[PDB]
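S.K.: Sharing a structure below in structure tokens format, with a few things to ask.
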Amino acid sequence: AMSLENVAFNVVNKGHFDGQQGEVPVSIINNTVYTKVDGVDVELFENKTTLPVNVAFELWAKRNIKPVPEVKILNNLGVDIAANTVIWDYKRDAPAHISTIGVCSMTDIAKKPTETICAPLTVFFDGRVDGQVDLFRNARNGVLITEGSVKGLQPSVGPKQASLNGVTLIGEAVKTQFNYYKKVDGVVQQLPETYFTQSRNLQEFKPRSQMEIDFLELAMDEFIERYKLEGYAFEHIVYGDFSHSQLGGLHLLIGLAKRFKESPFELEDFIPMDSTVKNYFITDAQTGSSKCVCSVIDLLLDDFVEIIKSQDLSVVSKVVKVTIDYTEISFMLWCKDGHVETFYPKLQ
Amino acid sequence: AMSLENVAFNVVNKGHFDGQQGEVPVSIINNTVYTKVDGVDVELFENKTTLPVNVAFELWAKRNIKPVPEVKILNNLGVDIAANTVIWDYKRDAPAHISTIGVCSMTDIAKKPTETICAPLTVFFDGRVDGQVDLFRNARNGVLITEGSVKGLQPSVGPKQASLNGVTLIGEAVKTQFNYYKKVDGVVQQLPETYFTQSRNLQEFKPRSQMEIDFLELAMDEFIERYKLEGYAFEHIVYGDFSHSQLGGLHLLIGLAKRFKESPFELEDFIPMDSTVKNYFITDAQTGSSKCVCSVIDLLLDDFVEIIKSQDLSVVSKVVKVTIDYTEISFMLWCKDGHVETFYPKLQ
Amino acid sequence: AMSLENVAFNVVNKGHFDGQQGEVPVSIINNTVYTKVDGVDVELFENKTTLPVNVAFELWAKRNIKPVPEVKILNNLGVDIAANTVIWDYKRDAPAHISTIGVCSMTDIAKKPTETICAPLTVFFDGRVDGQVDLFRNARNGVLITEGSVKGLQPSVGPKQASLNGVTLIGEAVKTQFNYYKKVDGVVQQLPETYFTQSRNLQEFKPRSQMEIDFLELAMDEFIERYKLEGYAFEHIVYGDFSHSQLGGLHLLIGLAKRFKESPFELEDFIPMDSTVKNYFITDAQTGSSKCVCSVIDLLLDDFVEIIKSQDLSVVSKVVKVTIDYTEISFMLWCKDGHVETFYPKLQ
Amino acid sequence: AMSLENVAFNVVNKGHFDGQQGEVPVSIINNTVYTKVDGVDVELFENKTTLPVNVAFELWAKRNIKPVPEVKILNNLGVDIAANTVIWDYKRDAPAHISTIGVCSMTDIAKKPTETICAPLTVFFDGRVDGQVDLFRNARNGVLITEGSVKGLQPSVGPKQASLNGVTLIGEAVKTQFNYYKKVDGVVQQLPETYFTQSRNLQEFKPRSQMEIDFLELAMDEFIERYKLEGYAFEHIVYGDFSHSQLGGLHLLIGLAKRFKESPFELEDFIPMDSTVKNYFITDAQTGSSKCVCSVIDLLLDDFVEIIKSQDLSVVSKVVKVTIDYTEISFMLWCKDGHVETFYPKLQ
Amino acid sequence: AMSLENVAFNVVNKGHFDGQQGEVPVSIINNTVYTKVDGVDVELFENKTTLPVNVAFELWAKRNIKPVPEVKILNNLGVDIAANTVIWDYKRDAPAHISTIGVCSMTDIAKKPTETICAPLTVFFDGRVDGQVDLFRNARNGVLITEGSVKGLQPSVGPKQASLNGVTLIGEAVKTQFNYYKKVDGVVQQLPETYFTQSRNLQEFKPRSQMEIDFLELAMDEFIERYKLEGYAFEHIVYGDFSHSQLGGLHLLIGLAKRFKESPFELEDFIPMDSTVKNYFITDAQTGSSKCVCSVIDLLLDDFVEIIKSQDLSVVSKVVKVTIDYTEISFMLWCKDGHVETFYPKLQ
Ligand SMILES: N[C@H]1CCN(S(=O)(=O)c2ccccc2)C1
Ligand SMILES: N[C@H]1CCN(S(=O)(=O)c2ccccc2)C1
Ligand SMILES: N[C@H]1CCN(S(=O)(=O)c2ccccc2)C1
Ligand SMILES: N[C@H]1CCN(S(=O)(=O)c2ccccc2)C1
Ligand SMILES: N[C@H]1CCN(S(=O)(=O)c2ccccc2)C1
Ligand SMILES: N[C@H]1CCN(S(=O)(=O)c2ccccc2)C1
Ligand SMILES: N[C@H]1CCN(S(=O)(=O)c2ccccc2)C1
Ligand SMILES: N[C@H]1CCN(S(=O)(=O)c2ccccc2)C1
Ligand SMILES: N[C@H]1CCN(S(=O)(=O)c2ccccc2)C1
Ligand SMILES: N[C@H]1CCN(S(=O)(=O)c2ccccc2)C1
Ligand SMILES: N[C@H]1CCN(S(=O)(=O)c2ccccc2)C1
Ligand SMILES: N[C@H]1CCN(S(=O)(=O)c2ccccc2)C1
Ligand SMILES: N[C@H]1CCN(S(=O)(=O)c2ccccc2)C1
Ligand SMILES: N[C@H]1CCN(S(=O)(=O)c2ccccc2)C1
Ligand SMILES: N[C@H]1CCN(S(=O)(=O)c2ccccc2)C1
Ligand SMILES: N[C@H]1CCN(S(=O)(=O)c2ccccc2)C1
Ligand SMILES: N[C@H]1CCN(S(=O)(=O)c2ccccc2)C1
Ligand SMILES: N[C@H]1CCN(S(=O)(=O)c2ccccc2)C1
């Protein structure tokens with residue numbers, strides 16, 4: 001007995017949709033859902049999606065509240081829809097997927113992922129829910145996550161972090177590192193070797209290696225000397241060049257975090273969504289150095305060093321493809337006289 | 001178990017709210033309620049009210065579908081709210097009353113009219129519903145309608161017509177003529193002796209007496225002669241004067257209907273609501289004669305003739321009060337040398 | 001080079017999208033599209049759909065302007081989407097289908113119906129457009145219309161009428177009678193033998209047989225005698241019973257048209273969409289007789305007479321299934337002592 | 001002391017803005033203005049303009065309620081703004097001009113047309129208002145209307161009709177025929193000799209000459225014979241050709257009115273605005289003959305006959321320019337062997 | 001070939017409008033512009049302006065991304081419009097000017113500033129763009145900025161700071177200090193002697209002189225003694241009096257910044273826009289001292305001291321006019337017995 005009043009009752013009483021019986025009075029005005037609490041209207045939800053307000057409210061109430069893969073991972077693996085859950089995309093304040101399976105009458109394409117409409121779609125299966133590992137075994141197309149071993153299936157160790165209620169974290173009280181499995185046309189794929197983005201924030205950036213601790217503590221010249229990075233253009237690529245009108249380099253999140261502690265800058269997120277590489281219109285407040293499209297990736301500094309140190313530096317311009325978060329990221333590598341000039345990811 | 005989906009189920013299946021169990025998928029976008037019918041969205045309701053869209057949809061679905069008093073009668077009797085029903089105002093596409101009693105969780109001030117919050121309000125009671133005559137006897141303030149005698153209660157015979165689903169009609173298969181009763185401060189009130197407006201339309205106007213048939217068929221001078229109306233200014237008041245830039249008289253609906261058959265005119269209903277006297281910004285298409293505020297009343301011509309013929313014509317300007325639809329209507333009577341110059345209602 | 005400004009240029013210059021190059025200034029405010037014409041804004045389109053305003057504007061500009069099957073026929077045939085066209089649903093002021101193929105970047109699921117995403121959908125193909133008959137032969141699911149023979153494909157002669165720019169008509173200067181073909185799961189289906197609804201309006205109803213001329217001209221008793229309809233309850237079913245509070249029968253459009261010429265009535269179309277059987281909340285203005293759900297079908301009176309005269313009248317209540325517009329319509333047949341009491345369609 | 005509450009008071013009490021003192025309670029919700037009338041909200045105005053709702057409400061309340069030139073005449077004369085009035089465009093439900101002079105604080109560019117910001121704009125002046133003829137003499141650019149002679153100013157006799165509260169009429173109780181004057185760059189302009197469009201409606205079309213009476217009453221062949229119109233293609237141009245899929249000719253309103261009495265058709269007004277030539281997407285209901293862009297002009301048939309009979313018929317294709325409503329209308333004249341094939345206006 | 005899809009393509013690919021060819025799918029819902037990125041809608045722009053959403057999106061995409069004068073400077077110099085650019089007002093999330101020149105079809109009054117419509121408007125010219133210094137030389141009204149000397153024109157050295165993408169900064173990698181020139185009616189004006197506001201923030205306030213360093217570091221009595229400020233009411237004016245219900249003084253930003261480091265307070269910016277003097281409704285969180293209108297100016301403390309020390313202190317109340325950011329700012333000076341009581345700017 002699904003209803004707007006029942007969804008609102010669950011939100012008011014349980015903090016989310018929890019299958020509880022009951023109804024609260026609701027009013028819908030424009031894109032906002034309100035409930036009457038002792039004579040006055042209290043806002044329950046503001047629709048920031050392109051779906052109708054009551055539909056978006058239900059999908060948000062029915063969001064997955066366990067740690068789930070970050071949307072950038074699901075997208076990179078070609079996930080089209082989730083089985084009997086809603087992956088809420090907190091970067092976009094919207095459902096990660098257009099349609100649902102056994103969640104909401106307005107968005108459901110099926111009640112069960114075994115329905116033939118789901119066969120061509122890459123369905124997301126969560127092995128932590130009963131029957132989902134078996135539902136993946138019988139699905140034509142899908143991605144499965146598990147906390148442990150699956151009989152017969154060889155696993156791909158995913159990122160250490162997952163998203164719990166929009167907070168990306170490496171779980172200590174919960175498991176966030178999943179095994180990944182994928183199937184294309186009934187065939188269990190061999191997931192490629194991949195680096196993972198670290199999903200850190202600029203304001204609360206924490207180093208995750210001794211090289212990252214040394215990058216933040218040491219001065220530029222000391223760090224480059226200690227890690228034998230001469231000729232790799234870390235001064236441009238990682239530290240950033242704020243001497244000309246166009247801001248130079250600055251493509252690694254750790255470098256932005258280091259700069260941020262000394263002087264602030266503006267990052268205009270002009271395509272706000274979860275993605276492996278992020279593009280920002282950056283304006284350095286101290287110098288006025290700026291760049292319309294500054295591609296930024298949060299790789300562990302050690303991984304970035306391994307990638308740049310594994311390239312041939314004998315050609316002027318070249319595309320360097322690197323598997324990151326299961327997707328192929330194209331980087332542009334610019335060299336001169338056997339040394340790096342610049343190396344930057346491309347969002348495409 | 002009230003819900004938006006259940007209200008929509010009742011609308012789709014029963015043509016209105018009928019207390020049936022069930023749910024249909026609903027989408028709300030802006031001020032419109034839609035339901036999915038085989039993959040596509042079909043409009044169920046467009047909110048033209050100042051209430052939230054889902055609330056207005058529920059009150060409209062819960063509208064009274066029996067013949068009910070016209071909103072102008074309820075307003076003239078000081079009705080503030082209805083007991084356990086919604087009087088839908090089809091002229092405003094909105095509920096006739098702001099609040100409800102035992103109808104909808106968002107608009108209810110009480111579940112029963114016996115609650116103390118209802119004591120200062122004039123509650124509308126429908127004697128055709130079980131227990132409502134008793135609820136009127138117990139109410140501090142109220143208006144009651146019945147199809148027959150209530151023991152000991154002196155009745156007021158109401159208009160012949162009532163509104164059935166927005167159609168004003170004199171019932172042949174249903175009863176539309178009710179007995180009216182009213183209480184103020186716990187005391188039953190003697191309703192005044194009154195004329196009633198006929199509630200006719202300009203396009204489909206039908207005469208309801210031989211005098212009205214004669215008005216429509218006869219030329220101006222032969223009608224005035226036949227009914228001894230010389231000196232009563234019917235040429236100005238009823239027929240209308242379209243010779244000057246300001247349109248003269250034209251205050252009786254029958255006169256507008258007569259004019260309409262020969263040449264069209266525009267009636268701008270600038271306060272669109274049901275009322276005993278209506279004000280229109282009129283523009284005669286044939287002549288260009290116009291009037292910003294032309295008060296129009298639909299009285300039976302015989303009743304209008306009785307009213308004007310019952311006045312003293314010896315004073316220049318005078319206020320003539322006439323009880324119409326239970327309310328006191330002020331008419332302005334202008335005379336010169338023992339004859340009427342003009343006589344017009346005032347909407348106030 | 002698709003754009004909002006180009007779509008608006010085509011609307012302003014060609015009356016619809018015509019593939020012409022050019023741009024006009026456009027402003028979007030709320031759900032309306034405007035264009036600047038000599039300093040002032042002129043409305044080009046008001047969005048009444050659940051799609052974004054600029055998207056609905058493009059689909060409406062790209063609507064099919066040739067005679068196309070009425071939406072009720074497409075729905076009854078299970079059509080999900082159209083190949084490289086937009087069937088505009090003029091009854092809902094919206095696209096007949098949610099998604100498109102090779103029409104608009106926002107709604108396209110594919111550029112060509114041969115794409116695998118289209119295989120499970122019943123694609124509408126128009127044989128009057130080059131390559132579409134071949135696309136139907138290659139489609140897993142589809143409905144095809146043609147003006148002539150397709151080699152080896154057994155045809156179904158469709159209705160005489162089609163919709164041309166929202167006007168349902170039997171073409172004299174254009175062909176409106178198509179051959180129909182349908183495929184389910186790669187297999188051509190034999191379309192059932194069917195009656196067709198006449199698609200007439202209440203206000204402009206025209207008889208299409210001598211029996212229909214006789215129904216409109218003759219009094220009830222002389223028509224029933226002339227066509228030997230005694231015991232078939234045409235008095236209730238077709239003429240309508242306006243003697244009780246609940247309006248009796250009145251399920252054939254011709255009967256509503258006959259009643260409409262004598263006295264008016266209100267038809268509340270509470271599910272506004274094209275369908276073989278329509279449900280209305282009817283209120284007779286003369287009597288006050290009303291019915292929340294009055295199912296109405298526009299069959300040619302001769303076809304209705306053939307259907308009712310082909311039934312066994314020996315059981316109290318029985319479901320009578322009749323193929324109308326290719327769909328199975330359930331009728332409820334109520335009998336007593338070898339005579340019809342009532343026979344009515346059910347909208348389900 | 002201008003205010004929203006004062007504007008609403010004037011609308012409620014005077015039918016429009018009348019400069020009266022007072023305030024009524026107002027509520028604004030979305031694009032609608034409401035006022036509280038005895039506890040309930042009554043709609044005063046629905047904004048159909050691109051201006052803010054409270055601003056559009058004020059301009060509409062301050063609209064000119066005297067007969068004013070039709071917007072097509074003002075546009076054809078290059079009028080940009082009006083001096084101390086609002087010309088309300090009833091065809092667009094919006095102000096005819098973006099800005100105002102001495103009307104409303106939000107839209108005013110100046111309080112008086114003598115302000116230098118008004119010098120480059122063509123200001124509309126109404127000689128019926130004190131001081132406006134003097135303001136025209138002092139204006140660098142302007143259009144003036146008067147009911148009589150202005151000393152030394154050579155007049156242009158305008159159309160017989162004017163718009164009074166959105167009703168186009170030839171005044172009997174009011175004057176609608178004005179003298180026109182125009183100034184460009186401080187210099188009075190000689191207005192060209194012109195025909196005028198008749199501004200009639202399809203539904204209520206009335207003939208204004210014996211030739212127009214004969215067109216409506218006589219069959220095609222007897223009218224063409226009576227008025228010696230053989231070889232002028234009136235069969236195509238005026239009567240219309242409904243024999244092919246593309247509707248032929250039908251460019252004179254009288255021809256559409258004649259067709260409309262026999263069988264109906266759809267006229268899609270895809271650029272809804274007042275203009276000398278109108279373009280419609282026409283669909284003939286009887287035949288299915290249609291045309292995306294059918295240019296229609298309402299000229300008096302005698303004037304159209306004079307124009308076509310004054311042309312040289314010796315060239316295949318030729319542009320014929322005709323002054324209509326003060327503007328140059330391009331007509332396309334197609335001939336073969338000394339006879340007209342087609343002659344049609346172009347809306348550009 | 002300007003279009004909504006092309007503007008969105010440029011935003012997605014270049015971070016702003018950069019003249020690139022291409023189109024992305026766009027959806028407009030209410031006041032938000034979205035683009036489809038791999039099946040889901042991503043927000044590109046939320047309209048906070050009074051212009052139509054697609055128009056505001058284009059002007060924002062076409063904003064000037066070089067350091068430009070702060071809007072308060074342009075306004076104070078009487079700039080009406082900019083030549084071939086959009087000055088985006090980041091304080092209002094809107095274009096600084098109503099109209100444009102050679103930018104957007106919906107807002108353009110001209111394509112080039114040499115068009116006669118621009119002659120009476122004070123056009124903003126940017127000497128860093130080719131031909132703009134020469135366009136100013138020929139313009140009737142205008143303001144010009146340059147990074148260097150203009151032949152014949154004597155310059156006004158502007159503020160050290162400019163706005164780069166909404167970040168006000170003193171450029172180190174870019175030039176932010178411009179030379180200003182202005183022309184009224186073809187005559188090159190002599191810009192007055194002026195102080196400049198420092199445009200600092202409360203949270204990140206940095207001192208720009210030894211007096212400002214001493215103000216922040218020293219206690220009130222030490223600072224007043226060191227700079228001989230006894231009798232100038234700095235205790236009230238600059239430090240602020242938080243001892244009574246009405247907050248005393250606190251009109252210099254440096255004083256608010258000093259207070260902010262010890263205890264927080266609320267600043268309600270009730271007229272959110274760029275202006276030389278700002279008015280705030282301030283509520284001190286520690287004491288509860290508050291003031292509805294607390295005028296605040298960010299002058300360099302040395303400049304404020306020079307201004308207050310250059311006044312005659314012999315009258316009770318007096319208006320002191322000071323040129324700040326090229327505009328005349330009126331301050332109220334209140335004195336008693338040859339000492340300052342208060343001195344505050346007025347926003348008007
Ligand atoms: N297929 C199932 C799994 C997800 N849903 S649910 O509607 O979101 C839901 C969530 C919690 C309790 C009860 C129901 C139904
Ligand atoms: N609650 C306690 C009991 C076991 N765990 S745990 O969540 O499964 C876990 C284990 C290892 C790494 C990260 C998380 C913590
Ligand atoms: N530099 C531009 C080029 C296209 N994009 S994109 O639409 O935002 C995108 C993001 C992630 C995956 C796929 C596409 C950025
Ligand atoms: N107080 C009672 C009387 C009116 N209401 S109701 O909600 O409108 C309703 C109407 C018809 C069926 C079931 C419920 C409940
Ligand atoms: N069904 C028939 C039987 C009696 N009625 S009635 O509703 O009681 C009625 C009574 C008086 C006036 C008008 C109608 C109609
Ligand atoms: N004793 C008399 C005094 C007035 N009334 S009344 O019933 O309260 C009433 C009020 C307004 C309209 C119609 C009737 C009875
Ligand atoms: N002529 C104007 C004066 C005020 N009104 S009113 O607000 O619409 C109104 C109508 C009926 C009762 C009470 C108020 C009309
Ligand atoms: N797949 C094709 C068929 C329909 N479309 S279209 O975009 O609606 C269109 C219509 C008319 C002219 C040009 C384009 C492209
Ligand atoms: N233009 C004329 C020539 C032939 N046609 S037609 O379109 O092919 C047609 C065929 C059959 C029925 C109705 C119409 C009309
Ligand atoms: N063999 C028969 C069984 C049914 N069909 S059908 O074509 O698939 C069909 C489905 C729905 C409506 C009209 C026709 C053919
Ligand atoms: N009598 C009610 C029962 C449900 N409907 S329905 O949703 O409008 C519908 C109509 C046609 C096909 C399928 C569904 C009408
Ligand atoms: N410049 C004058 C002429 C028009 N306006 S007005 O505001 O529309 C107005 C109209 C009627 C009464 C009082 C004021 C003022
Ligand atoms: N009230 C009467 C008296 C004179 N007029 S009139 O307005 O001046 C007029 C003049 C010419 C044509 C049409 C109307 C009507
Ligand atoms: N000398 C002649 C040249 C043209 N004109 S005009 O008055 O400026 C004019 C412009 C547009 C429409 C109608 C009239 C007079
Ligand atoms: N046939 C199309 C061509 C452009 N238009 S237009 O924008 O509506 C227009 C109408 C009158 C004057 C100026 C422009 C119609
Ligand atoms: N007059 C010119 C200068 C400003 N514009 S523009 O549309 O904003 C633009 C910006 C960048 C590249 C191409 C065009 C046109
Ligand atoms: N990129 C280097 C080269 C010259 N500059 S600069 O931007 O022109 C500049 C100069 C003086 C003050 C402020 C800025 C820095
Ligand atoms: N104290 C009030 C008086 C008027 N203003 S104002 O409208 O915001 C303003 C701000 C800047 C310039 C000109 C006017 C503030």
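In the structure tokens, each chain is lettered A, B, ... as it comes, each chain's residues begin at 1, and ligands are numbered from 1 in order of appearance.
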Give as a compact mmCIF listing (two decimals) with C-alpha atoms, in the first residue's frame every residue of chain B that touches chain A within 6 Å, counting only C-alpha atoms.
M.R.:
# COMPACT_ATOMS: atom_id res chain seq x y z
CA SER B 3 -3.51 8.97 0.46
CA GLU B 5 -2.68 7.48 -4.69
CA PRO B 25 0.68 5.80 -9.82
CA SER B 27 2.91 12.35 -10.63
CA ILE B 28 2.68 15.94 -9.49
CA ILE B 29 4.15 18.63 -11.75
CA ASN B 30 3.66 22.21 -10.81
CA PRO B 52 -1.37 23.08 -2.37
CA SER B 105 -6.14 15.96 7.09
CA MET B 106 -4.49 19.08 5.67
S.K.: For the strand (DSSP E or B) assignment from backbone DSSP, which residues of region 64-95 of chain A qualify? Please present them as a PDB file with C-alpha atoms, in the first residue's frame.
M.R.:
ATOM      1  CA  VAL A  68      27.419   1.586  -1.599  1.00  0.00           C
ATOM      2  CA  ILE A  81      19.845   0.297 -13.038  1.00  0.00           C
ATOM      3  CA  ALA A  82      19.919  -1.223  -9.546  1.00  0.00           C
ATOM      4  CA  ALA A  83      18.059  -4.333  -8.374  1.00  0.00           C
ATOM      5  CA  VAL A  86      17.954   3.269  -5.207  1.00  0.00           C
ATOM      6  CA  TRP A  88      21.129   8.133  -4.476  1.00  0.00           C
ATOM      7  CA  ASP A  89      23.616  10.377  -6.223  1.00  0.00           C
ATOM      8  CA  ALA A  94      19.190  12.889  -7.659  1.00  0.00           C
ATOM      9  CA  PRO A  95      18.796   9.122  -8.254  1.00  0.00           C
TER      10      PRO A  95
END
S.K.: Let me see if you get this right: every residue at most 7 Å from ligand 4, counting only C-alpha atoms and all ligand atoms, written as a ChimeraX atom specification.
M.R.: /B:17-19,62,84-85,102-104
S.K.: What does the file look like for those residues with N, CA and C atoms, as a PDB file, in the first residue's frame?
M.R.:
ATOM      1  N   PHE B  17     -14.159  10.839  -5.348  1.00  0.00           N
ATOM      2  CA  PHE B  17     -13.815  10.076  -4.161  1.00  0.00           C
ATOM      3  C   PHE B  17     -15.058   9.306  -3.688  1.00  0.00           C
ATOM      4  N   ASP B  18     -14.943   7.988  -3.621  1.00  0.00           N
ATOM      5  CA  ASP B  18     -16.039   7.104  -3.257  1.00  0.00           C
ATOM      6  C   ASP B  18     -15.691   6.136  -2.099  1.00  0.00           C
ATOM      7  N   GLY B  19     -14.592   6.385  -1.388  1.00  0.00           N
ATOM      8  CA  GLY B  19     -14.171   5.559  -0.267  1.00  0.00           C
ATOM      9  C   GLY B  19     -13.643   4.182  -0.628  1.00  0.00           C
ATOM     10  N   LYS B  62     -13.372  14.947  -3.208  1.00  0.00           N
ATOM     11  CA  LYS B  62     -14.358  14.799  -2.144  1.00  0.00           C
ATOM     12  C   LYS B  62     -15.507  15.772  -2.203  1.00  0.00           C
ATOM     13  N   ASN B  84     -18.570  17.779   7.256  1.00  0.00           N
ATOM     14  CA  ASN B  84     -18.268  16.494   6.652  1.00  0.00           C
ATOM     15  C   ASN B  84     -18.578  16.359   5.157  1.00  0.00           C
ATOM     16  N   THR B  85     -18.342  17.432   4.403  1.00  0.00           N
ATOM     17  CA  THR B  85     -18.502  17.519   2.959  1.00  0.00           C
ATOM     18  C   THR B  85     -17.664  18.717   2.430  1.00  0.00           C
ATOM     19  N   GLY B 102     -13.874  16.872   9.160  1.00  0.00           N
ATOM     20  CA  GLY B 102     -13.937  15.450   8.821  1.00  0.00           C
ATOM     21  C   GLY B 102     -13.829  15.101   7.343  1.00  0.00           C
ATOM     22  N   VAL B 103     -13.000  15.833   6.599  1.00  0.00           N
ATOM     23  CA  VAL B 103     -12.841  15.606   5.159  1.00  0.00           C
ATOM     24  C   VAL B 103     -11.399  15.271   4.739  1.00  0.00           C
ATOM     25  N   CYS B 104     -10.438  16.116   5.116  1.00  0.00           N
ATOM     26  CA  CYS B 104      -9.078  16.040   4.637  1.00  0.00           C
ATOM     27  C   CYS B 104      -8.124  16.455   5.755  1.00  0.00           C
TER      28      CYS B 104
END
S.K.: Distance CA of residue 72 (chain E)-CA of residue 187 (chain E), one decimal place?
M.R.: 23.4 Å
S.K.: Around ligand 3, which protein and nucleic acid residues have at least one atom no more than 12 Å from it, if we count only C-alpha atoms and all ligand atoms? List them as number ranges by chain.
M.R.: A: 71-78, 269-281, 292-296, 327-330, 345-348; E: 8-16, 22-26, 34-44
S.K.: Show which residues sit within 8 Å of region 180-183 of chain A, as a PDB file with C-alpha atoms, in the first residue's frame. Count only C-alpha atoms, and ignore same-chain residues fewer than 4 positions away.
M.R.:
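The file below, out-v9.pdb, is the result:
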ATOM      1  CA  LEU A  77      31.263  -0.239 -15.021  1.00  0.00           C
ATOM      2  CA  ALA A 139      21.402 -12.313 -15.086  1.00  0.00           C
ATOM      3  CA  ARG A 140      22.497 -11.693 -18.679  1.00  0.00           C
ATOM      4  CA  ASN A 141      24.088  -8.287 -17.782  1.00  0.00           C
ATOM      5  CA  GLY A 142      25.167  -7.081 -14.390  1.00  0.00           C
ATOM      6  CA  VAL A 143      27.612  -5.890 -11.814  1.00  0.00           C
ATOM      7  CA  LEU A 144      27.800  -7.522  -8.431  1.00  0.00           C
ATOM      8  CA  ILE A 145      29.445  -6.422  -5.215  1.00  0.00           C
ATOM      9  CA  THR A 146      30.164  -8.733  -2.265  1.00  0.00           C
ATOM     10  CA  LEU A 153      33.865 -16.386  -9.588  1.00  0.00           C
ATOM     11  CA  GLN A 154      37.242 -14.708  -9.458  1.00  0.00           C
ATOM     12  CA  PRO A 155      36.989 -11.272  -7.838  1.00  0.00           C
ATOM     13  CA  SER A 156      38.195  -7.802  -8.608  1.00  0.00           C
ATOM     14  CA  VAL A 157      39.197  -6.017  -5.395  1.00  0.00           C
ATOM     15  CA  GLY A 158      37.396  -2.664  -5.560  1.00  0.00           C
ATOM     16  CA  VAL A 187      29.786 -14.191 -19.745  1.00  0.00           C
ATOM     17  CA  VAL A 188      31.636 -13.405 -16.509  1.00  0.00           C
ATOM     18  CA  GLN A 189      34.155 -10.722 -17.531  1.00  0.00           C
ATOM     19  CA  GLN A 190      37.732 -10.422 -16.306  1.00  0.00           C
ATOM     20  CA  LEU A 191      37.778  -6.888 -14.864  1.00  0.00           C
TER      21      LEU A 191
END
